[PDB]
Structures are given as structure tokens and as C-alpha cells.
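All remarks here apply to the structure that follows.
Note: ideal-geometry Cβ built from the backbone for every residue, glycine included; neighbour counts use all protein chains shown. The numbers here are math on the coordinates, done by the rules we state, and not lab data.
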2 protein chains.
Amino acid sequence: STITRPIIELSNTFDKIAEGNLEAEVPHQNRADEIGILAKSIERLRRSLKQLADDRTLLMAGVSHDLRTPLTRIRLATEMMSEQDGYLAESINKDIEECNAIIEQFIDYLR
Amino acid sequence: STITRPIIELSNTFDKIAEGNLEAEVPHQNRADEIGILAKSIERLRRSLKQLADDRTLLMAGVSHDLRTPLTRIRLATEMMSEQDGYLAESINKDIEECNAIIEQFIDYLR
């Protein structure tokens, strides 16, 4: 059974990696023979995946902030327009709301 | 040695996967014994990564399109404002240009 044990365990580890589960642990990590080296390789790949996820999250936050600036600018500007063009200012306000919804939808999809 | 060959090859495959290289091929894919099964597991994980990349690209295009709509709307509206408020319309136009630059910067980073 010891011959079949490590292969079965490695299969389970691959499944966890495929499902984006970076919380699962790798078995036989402390082995010294070729099996131990192979397990270490899997652990390295898993770590790289987790790092990539963190980097992606940081990039998303940066983009959301940068786009917050132009939206705020258009809002403050429109508020000062005369009454004669009130319909124009209202249309621009609606457009900004749609823009914000698109950005929020993106974070929702990834989140 | 024949026993050392497959382990060395598997190690090289793990390195390619870790470096985000989904063009590299997996060895021993056609094997029938436990080694062949393990190799198939690696190929499955690699395939999943490639699929995620393609999906991310499609998602980016969808998001860029949706945001194109609000930007176009604000431009056409502002162009019709009276001369007395020309400075306000100009400021809003500048804001839209900044917004477009932010979205373009994101695509540039990924691409």
C-alpha cells in the first residue's frame, strides 16, 4: 500500500491546485528521496499561484482609485451649470452612474 | 538511468508552469503506468491555466466596451452647451480623456 499511498496523495494535491485552493497542504514535503523533491516542486507551484492572486488584487485597487478622480471631477463641474442647460447636466450625471456600475461589476466578478 | 529520466523531466515541466509558460509540452503523456497518470495530472493543471488566461482576455474586452458607452455620451452632450458655460464643458472633456487613459494603462500592463 505504501507504493500506492504517495501517488494517490499527489493526485489529490493536483485537484486542489486546479480548483484555485491555495489553503490545502502538500504531503511528503519532508521526504528526502525523489518523492520528497517532487512534492517540493508542487509546493513551489502552489506558492507562485497565491502570489499572483495577491498581485492581481493590488492592481485592481489601484485602477479603481485612479478612475475615482475623473468621476468626481465631472460631478463637481456639472453641479455649477446654469438652469437653461439642466437637461444636459442630468444626462452627464446618468453617464457617470453607468461608468461606476461597470467598474463595480468587474470587482464583483473577480470577487 | 531510466528511473532518473522521468523525475528530471517532470521537474523541468514544473518550472515551466511556475514561470507562466503555457507553451511548454508535458512529457510521458502517453504512458500507461502510474507515471503516465501523474503526467496527465500535470497536463490538466497546465490546461486550466491557459483557459483562465483566455477567459480573462474576453472579460477585459467586455469591460472596455461597456465603459465606451458613458464616455461617448458625455462628449456628445457637452458639445451642445451654451457658450456662457464653455469652461465647464471643457473641464468635463478633459476628465473623460483621463478616464480613457486609465483603462488603456490597465490593458497595456496585462498586454
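Note on B:57-69: average number of Cβ atoms from other chains within 10 Å of each residue's Cβ is 3. Checking the a/c ratio against 1.5 first, then a/b against b/c, what shape does the Cα gyration tensor give for the protein assembly as shown? Cα axes put the protein assembly as shown in the prolate bin. Sorted shortest first, the distances from the A:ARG47 label point to those of the same residue in the other copies are 2.9 nm; each point sits 7 Å from Cα along Cα-to-Cβ.
Between the helical axis of B:34-78 and the longest alpha-carbon principal axis of chain B there is an angle of about 0 degrees. If I take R0 = 30 Å and measure r between the Cβ atoms of B:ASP15 and B:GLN105 in this structure, what FRET efficiency does the formula 1/(1 + (r/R0)^6) give, to the nearest 0.05? About 0.45, to the nearest 0.05.
Between this copy and the others, label points of B:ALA61 are 3.2 nm apart in ascending order, each placed 7 angstrom from Cα in the Cβ direction.
Angle of helix B:4-18 to the longest C-alpha principal axis of chain B, folded into 0 to 90 degrees and rounded to 10: 10°. For segment B:74-111, the residues whose amide N sits under 19 Å from a probe point set 7 Å from the Cα of A:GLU83 along the beta carbon direction are B:82-85.
Couplings for segment A:91-96, taken from phi via the Karplus curve 6.51 cos²θ - 1.76 cosθ + 1.60 with θ = phi - 60°, read 4, 5, 4, 4, 4, 4 Hz in order; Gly and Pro are left as x.
Couplings for segment B:20-32, taken from phi via the Karplus curve 6.51 cos²θ - 1.76 cosθ + 1.60 with θ = phi - 60°, read x, 9, 8, 8, 5, 9, 8, x, 6, 4, 8, 6, 9 Hz in order; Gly and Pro are left as x. On the principal axes of its alpha carbon atoms, chain A extends 85, 19, 13 Å, with the longest extent given first.
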